[PDB]
2 protein chains.
Amino acid sequence: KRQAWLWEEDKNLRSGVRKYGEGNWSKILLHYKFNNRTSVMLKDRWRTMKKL
Amino acid sequence: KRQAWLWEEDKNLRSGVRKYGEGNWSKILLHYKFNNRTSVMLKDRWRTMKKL
DNA sequence: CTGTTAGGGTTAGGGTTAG
DNA sequence: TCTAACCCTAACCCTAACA
């Protein structure tokens, strides 16, 4: 089921990119809580954040 | 302008869903004739067909 | 086979008309 | 007034090219 990205997931993604680096989606996924997301979904959300 | 759906288009759409499955709009659009429609239009028609 | 990421392609679903 | 047809676009998928 399609799930909009919540504020806390967005925060974790940004924290993850600052610490682990842009592109290291799998590593980011392993260090923070996300709502049943895969590393591809993180990559995609990052692209959307840039667009917004 | 606006274009209501003819019985032929509906037949193809339903045949398409059976053969390719619901949600595979672009593949369906590629294998049957439709009145200048996009994959999104097929998806919207299916929704209405379900709502009727 | 399990898993990875970049990037183009596609779909879900709530909102917007046309008539 | 009502609603099927159409729009917007974030979210998600497919594929290449590897490890």
Side-chain angles (χ1 to χ4, degrees):
Chain A
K1 59 180 180 180
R2 188 174 181 285
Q3 292 296 62
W5 275 70
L6 296 181
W7 196 247
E8 291 300 299
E9 289 190 292
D10 278 1
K11 293 189 58 184
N12 290 356
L13 184 46
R14 287 185 290 253
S15 292
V17 166
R18 292 193 288 272
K19 182 173 187 176
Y20 298 103
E22 175 171 42
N24 296 303
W25 314 118
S26 183
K27 190 179 302 178
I28 288 177
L29 189 63
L30 283 35
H31 289 284
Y32 305 82
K33 297 68 180 180
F34 292 100
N35 298 300
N36 58 287
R37 305 286 185 188
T38 61
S39 68
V40 179
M41 290 174 194
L42 268 64
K43 178 272 300 186
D44 284 323
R45 178 57 178 168
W46 196 247
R47 176 165 55 179
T48 298
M49 294 187 120
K50 292 176 175 181
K51 181 273 181 179
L52 299 165
Chain B
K1 38 61 182 179
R2 217 70 143 191
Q3 173 166 47
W5 286 66
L6 301 176
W7 65 273
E8 306 89 303
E9 303 195 86
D10 294 350
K11 168 174 172 46
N12 285 168
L13 180 51
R14 262 186 271 85
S15 302
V17 175
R18 273 144 44 206
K19 183 167 187 176
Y20 296 102
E22 192 181 18
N24 294 122
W25 318 115
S26 296
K27 273 291 184 178
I28 284 170
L29 178 61
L30 241 37
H31 296 75
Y32 306 77
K33 185 61 180 60
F34 292 96
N35 289 303
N36 200 55
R37 333 227 65 148
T38 58
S39 63
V40 179
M41 285 171 196
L42 274 53
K43 177 274 306 190
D44 279 328
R45 175 60 184 172
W46 191 251
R47 172 161 57 176
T48 68
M49 282 185 87
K50 303 178 71 175
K51 190 178 182 179
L52 296 173

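In what follows, every chain begins at residue 1, and chains take the letters A, B, ... in the order their sequences are listed. Computed over heavy atoms, backbone and side chain alike; hydrogens, waters and symmetry mates excluded.
- Every residue meeting the side chain to side chain donor-acceptor pair (under 3.5 Å) condition with B:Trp46, not counting sequence neighbours, appears here in chain and number order: B:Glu22.
- OP1 or OP2 of C:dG3 has not a single side-chain nitrogen or oxygen of A:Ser39 nearer than 4.0 Å.
- A:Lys11 pairs by the side chain to side chain contact (heavy atoms under 4.5 Å, CB included) definition with A:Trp7, A:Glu8, A:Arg14, not counting sequence neighbours.
- You'll find the side chain of A:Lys43 reaches within 4.5 Å of the side chain of A:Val40, heavy atoms only.
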For nucleotides 16-19 of chain C, give me every protein contact, N/O to N/O, under 3.5 Å, one pair per line with atom names.
residue	atom	partner	partner atom	Å
C:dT17	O2	B:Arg2	NH2	2.5
C:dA18	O4'	B:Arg2	NH2	3.4
C:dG19	OP1	B:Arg2	N	3.4

Pair pattern of DNA chain C in dot-bracket, where unpaired bases get dots and | marks partners in another strand, Watson-Crick or G-U under 3.5 angstrom: .||||||||||||||||||
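- If you chain together hydrophobic residues whose side chains sit under 4.5 Å apart, A:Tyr32 and A:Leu6 never meet in one group.
- An OP1 or OP2 oxygen of C:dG9 is reached within less than 4.0 angstrom by no side-chain nitrogen or oxygen of B:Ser26.
- In this structure, CH2 of A:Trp25 is placed 13 Å from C1' of C:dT4, rounded to the nearest angstrom.
- Residues of residues 30-38 of chain B having a heavy atom closer than 4.0 Å to DNA chain D, listed by number: B:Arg37.
- Shown here are the side chain to side chain donor-acceptor pair (under 3.5 Å) partners of B:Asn24, two or more places apart in sequence or in another chain: there are none.
- Residues forming a side chain to side chain contact (heavy atoms under 4.5 Å, CB included) with B:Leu30 (at least two apart in sequence, or on another chain): none.
- Annotation: side chain to side chain contact (heavy atoms under 4.5 Å, CB included) contacts of A:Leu42 (sequence neighbours excluded): A:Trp5, A:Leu13, A:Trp25, A:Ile28, A:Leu29, A:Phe34, A:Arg37.
- Mapping A:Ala4 and A:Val40 onto DNA chain D by nearest heavy atom places A:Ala4 closer to the 5' end of the strand.
- For A:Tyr20, the ring-ring contact (aromatic ring centres under 6.0 Å, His included) partners two or more places apart in sequence, or in a different chain, are A:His31.
- From B:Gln3, atom CD reaches atom CG of B:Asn35 across 4.5 Å, with rounding to the nearest 0.5 Å.
- In this structure, the side chain to side chain contact (heavy atoms under 4.5 Å, CB included) partners of A:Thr48, at least two apart in sequence or on a different chain, are A:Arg45, A:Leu52.
- Note that CG of B:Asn12 and NZ of B:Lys33 are 9.0 Å apart. Values are rounded to the nearest 0.5 Å.
- Between chain B and DNA chain D, the heavy-atom contact criterion of under 4.0 Å yields a 5' to 3' nucleotide range of D:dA4 to D:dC8.
- Within residues 42-52 of chain A, the residues that have a heavy atom under 4.0 Å from DNA chain D are, in order of number, A:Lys43, A:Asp44, A:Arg45, A:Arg47, A:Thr48, A:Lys51, A:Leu52.
- Heavy atoms only, all atoms of each residue included: B:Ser26 and B:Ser39 are closest at OG-CB, 3.4 Å.
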